[PDB]
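Peer 1: There's a structure below that I have some questions on.
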Amino acid sequence: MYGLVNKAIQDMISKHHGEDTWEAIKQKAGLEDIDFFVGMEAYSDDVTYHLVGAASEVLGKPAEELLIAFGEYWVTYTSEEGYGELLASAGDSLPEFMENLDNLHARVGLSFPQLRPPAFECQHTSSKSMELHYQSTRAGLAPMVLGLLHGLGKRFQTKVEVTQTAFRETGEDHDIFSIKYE
Ligand SMILES: O=C(O)CCCCN(CCc1cc(F)ccc1OCc1ccc(-c2ccc(C(F)(F)F)cc2)cc1)Cc1ccc(C(=O)O)cc1
C-alpha cells in the first residue's frame, strides 16, 4: 500500500512505545534496510503485514488488536499530517462520511493510480442503524475497519457500537458489519 499507511504504523508505534521499540519491530519485520518510508510511493501489501506481524510479537499483542488501534489512529493521523480538508470534505456525520468513502477514494485515486481502494456499501436499516459491506483486495483488515469506525465516532462525538456479522477470511464473500450509533 502507499507508504502513507506504513508511515502511519511507524508513527503510532514510535509515539506509543518509543523508537527503540519501533527500530526493534523494524529489524524483526526484516525491513532494517528501508531507511524511511515514502508517503506517495506504492509498496507491496506484504510490507505492511510484516510490520503488523512483528509488532504483534515485539509487543505481545495480537495482530487483530493492533489493527483496531491503527484503525482509530489513521483517522487522526491523516487529518493532522496533510489530509484534514480531504477528510472534512467527506461529511459532518458518520453515516454521511461512510457514503462518501467510495467517492472520497475515487477522488484520491486520481492523484495516485496504483491505489487499490475498498468498496463500502451501506443499507441504512434505520436512523441509528446501518449495515456496512466492506469489500477489499486485501485480507485480514476487518479489525482495522473496526478501529476506523470508532475513530470516526470520536471525530463526530458520536457513540457507536460496531459488531461484525460476516467474515471474509472464513469463506463468506465479504465482511459485513452491523452498526448502531448515538
Ligand atoms: O486495503 C483495504 O481494503 C483498505 C484498508 C484501509 C485503509 N484505507 C482506509 C479507508 C478509510 C476508512 C474509513 F472508515 C475512514 C477513513 C479511511 O481512509 C481515509 C483516507 C484514505 C486514503 C488516504 C490516502 C491519502 C494519501 C494517499 C497517497 F499516499 F497520496 F497515495 C493515499 C491514500 C487518505 C485518507 C485507506 C487506504 C486505502 C487504500 C490504500 C492503497 O491502496 O494503498 C491505502 C490506504
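Chain labels run A, B, ... following the order of the C-alpha cells; each chain numbers its residues from 1, and ligands are numbered from 1 in the order shown.
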Within 7 Å of ligand 1 (counting only C-alpha atoms and all ligand atoms), which residues show up? I'd like them as a ChimeraX atom specification.

Peer 2: /A:1-5,39-42,75,78,83,87,98,101,105,108,112,114-118,135-138,141,144-145,148-149,152

Peer 1: Do you know which residues are at most 9 Å from residue 62 of chain A counting only C-alpha atoms, after dropping those on the same chain fewer than 5 positions away, and could you put them as a list in words?

Peer 2: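 My reading of the contact set: residues 52, 53, 55, 56, 57 and 67 of chain A.
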
Peer 1: Could you write out that same residue set with C-alpha atoms as a tab-separated table (two decimals), in the first residue's frame?

Peer 2:
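Produced file again.tsv, reproduced below:
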chain	number	residue	atom	x	y	z
A	52	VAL	CA	1.78	-5.96	11.81
A	53	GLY	CA	3.27	-9.41	12.44
A	55	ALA	CA	4.59	-5.56	16.14
A	56	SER	CA	2.45	-8.45	17.36
A	57	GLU	CA	5.46	-10.38	18.67
A	67	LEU	CA	-5.12	-3.31	13.70

Peer 1: Just the number, please: distance in Å from atom CA of residue 127 of chain A to atom CA of residue 151 of chain A, one decimal.

Peer 2: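 Spanning atom CA of residue 127 of chain A to atom CA of residue 151 of chain A is a straight-line distance of 20.0 Å.
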
Peer 1: With only C-alpha atoms as the counted atoms, please give the residues lying no more than 7 Å from segment 162-178 of chain A, apart from itself and same-chain residues fewer than 5 positions off, as a list in words.

Peer 2: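 Within the cut-off, the hits are residues 130, 131, 132, 133, 134, 135, 140 and 146 of chain A.
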
Peer 1: Check the smallest atom-to-atom distance from each of A:9, A:69, A:14, A:153 to residue 48 of chain A using only C-alpha atoms, then report the winner.

Peer 2: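 Of all the options, A:9 lies closest to residue 48 of chain A.
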
Peer 1: For each of A:125, A:37, A:79, A:182, take the minimum atom-to-atom distance to residue 11 of chain A, counting only C-alpha atoms, then give the residue where this is smallest.

Peer 2: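 For residue 11 of chain A, the nearest of the candidates is A:37.
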
Peer 1: Atom CA of residue 142 of chain A and atom CA of residue 68 of chain A are how many Å apart?

Peer 2: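 Atom-to-atom, atom CA of residue 142 of chain A to atom CA of residue 68 of chain A, that is 8.6 Å.
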
Peer 1: How far is it from atom CA of residue 86 of chain A to atom CA of residue 51 of chain A, in Å with one decimal?

Peer 2: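 Atom-to-atom, atom CA of residue 86 of chain A to atom CA of residue 51 of chain A, that is 26.7 Å.
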
Peer 1: Just checking: using only C-alpha atoms, which residue out of A:121, A:64, A:19, A:161 ends up closest to residue 96 of chain A?

Peer 2: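 Using only C-alpha atoms, residue 96 of chain A sits closest to A:121.
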
Peer 1: Would you give me, as JSON, numbers by chain, the residues in segment 34-156 of chain A that DSSP reads as strand (DSSP E or B)?

Peer 2: {"A": [42, 119, 120, 121, 122, 123, 129, 130, 131, 132, 133, 134, 135]}

Peer 1: Which of these residues is nearest to residue 47 of chain A, using only C-alpha atoms: A:6, A:27, A:13, A:91?

Peer 2: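 The answer is A:6, which sits nearest to residue 47 of chain A.
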
Peer 1: Run DSSP on the backbone and tell me which residues of segment 29-172 of chain A come out as helix (DSSP H, G or I); list them as a ChimeraX atom specification.

Peer 2: /A:45-59,63-88,94-109,142-155,168-170

Peer 1: Check the smallest atom-to-atom distance from each of A:179, A:129, A:31, A:82 to residue 46 of chain A using only C-alpha atoms, then report the winner.

Peer 2: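 Among A:179, A:129, A:31, A:82, it is A:31 that comes nearest to residue 46 of chain A.
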